[PDB]
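> Need a 3D model of the following:
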Amino acid sequence: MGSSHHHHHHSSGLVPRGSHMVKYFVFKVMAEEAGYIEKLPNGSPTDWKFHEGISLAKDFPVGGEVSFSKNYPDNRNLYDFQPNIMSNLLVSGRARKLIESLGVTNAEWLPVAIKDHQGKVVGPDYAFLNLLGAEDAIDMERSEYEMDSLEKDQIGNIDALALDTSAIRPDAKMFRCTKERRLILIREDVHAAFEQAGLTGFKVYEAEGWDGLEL
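Residues are numbered from 1 along each chain as shown. Take a look:
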């Protein structure tokens, strides 16, 4: 202890305050033992290129098999949402249907058979979710963030994050931010539907004014 009081918030998560009713969150899956996809499966385009300006329907195998490479010895099978270090999201069939029931535009589903860490197919109706309509959007002038955790497009420290709806159409309920692979922003509605659905696990960070939390 010895930094005085640095003027910052701990984010807000507030609907009633003044500005916005719909709050924006960074979508993360709170699943560690589920195992992140550490290393890219067969047929996968580069880490950052997964949702970089394009759809993967032409680049990622449709109806193929993919698997978790054992970079890490432990970790279990798949959950509803499967986290990873790349710019792609894996979603279960039931969770897929949730997102579709909200009418989330700019979403594309690439279904494959996913084998977990043990090399067994436990994701038969799972589809990788692509966010389209992405164009360089992240405010980098008002957003206090330190880049390069692994590569240039990996943000480590974030003190402030301003919405990238400046270049991406703000009507999108779910989209992905350009200068970061894992940064997928969702609206309040999106996770609210997941809360009531009773899905495996989610981790939300505030997109608006994201203070000190690590995606």
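> CA atoms for contacts and neighbours, from now on please.
OK.
> Quick one: residues contacting the residue nearest the centre of the chain.
In the chain, the residue lying closest to the centroid (C-alpha atoms, centre = their mean) is residue 184, at 3.9 Å. Neighbouring residues of residue 184 by C-alpha atoms under 8 Å, 6 or more residues apart in numbering: 26, 27, 28, 174, 175, 176, 177.
> So in terms of bridging, what pairs with the fifth one?
In other words, residue 175. residue 185 (DSSP bridges).
> got a list of what it touches?
Listed by C-alpha under 8 Å, 6+ apart, the contact set of residue 175 reads 106, 131, 132, 133, 134, 184, 185, 186.
> ok, and the most crowded of the residues you listed?
Ranked by neighbour count (other C-alpha atoms under 10 Å), these have residue 131 at the top, with 28 neighbours.
> Look up the residues forming beta bridges with it.
Listed beta-bridge partners, residue 131: residue 107 (assigned using DSSP bridges).
> Touching, it and residue 177? I think so.
No. Applying C-alpha atoms under 8 Å, one finds residue 131 not in contact with residue 177, separated by 9.5 Å.
> hang on, the earlier thing: what separates the residue nearest to the centre of the chain from residue 94, distance-wise?
20 Å (C-alpha to C-alpha, to the nearest Å).
> now do residue 82
Using C-alpha to C-alpha, we find residue 82 at a distance of 13 Å from residue 94.
> Residue ranges of each domain in the chain, please.
11-32+133-215, 33-132 (curated CATH domains).
> Figure out how far the shortest one is from the centre of its chain.
I take that to be domain 33-132. Offset of domain 33-132 from its chain centre (C-alpha atoms, centre = their mean, to the nearest Å): 11 Å.
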